[PDB]
Ligand code: HEM
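Numbering (our numbering), first residue to last: 31 to 177.
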């Protein structure tokens, strides 16, 4: 779970991460940099590479879903139940062999993309709160995936 102070930091900085595009730009950079750094991951997603137009499209949907998860952090069972449902759908996505291990490096590129957009606001406490928030959001998707 998250402490009240962590949910408050996540909720507050999400407003700047969302910007004017509901975080779409952050999603594009996240997935872009992740596949560039890990080339064998293009095949796990159904993409040709980091430049595939599907990267920008999926990047927007990933970040729009985190915005929904952020609006529900105060009710943990609610947030977990909807991320599990996202997770059950992932059984049939990409190469259909999405693994739990892949979410840990993806989380690192997500925090990097966020910091790229909001700069100094993504301080030490913001990074810890978001590493914790990403741990629970992705943790709940993985449990849907392995259900
Ligand atoms: C490295 C792990 C991941 C892989 C390989 C992956 C792969 C995919 C693929 C291939 C699709 C597109 C399916 C299609 O419509 O053709 C998809 C959709 C989606 N992914 Fe993931 N994904 C990953 C992580 C995440 C994370 C961390 C989130 C969390 C917010 C997420 C949220 C979504 C959402 C919201 C969709 C749109 C469709 C739906 O709601 O099920 N994905 N993902």
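We put the beta carbon where it would ideally sit given N, CA and C, even for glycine.
Query	Result
With hydrogens ignored, establish whether the beta-carbon of residue 110 is closer than 8 Å to any heavy atom of the ligand HEM.	no
With DSSP as the reference, label residue 146 as helix, strand or coil.	helix
Given 8 Å as the limit, tell me if residue 95 has its C-beta closer than that to any heavy atom belonging to the ligand HEM.	yes
What did DSSP end up calling residue 126 once you bin it into helix, strand or coil?	coil
Less than 8 Å separating the Cβ of residue 91 from some heavy atom of the ligand HEM?	yes
Using DSSP with H/G/I as helix, E/B as strand and the rest coil, what is residue 78?	coil
Alpha carbon to alpha carbon, what distance is there between residue 176 and residue 147?	33 Å
Can you list, in chain order, the residues of its chain whose CB lies under 6 Å from that of residue 117, leaving out five sequence neighbours each side?	171, 174 and 175
Below 8 Å, is the gap between the Cβ of residue 120 and the nearest heavy atom of the ligand HEM?	yes
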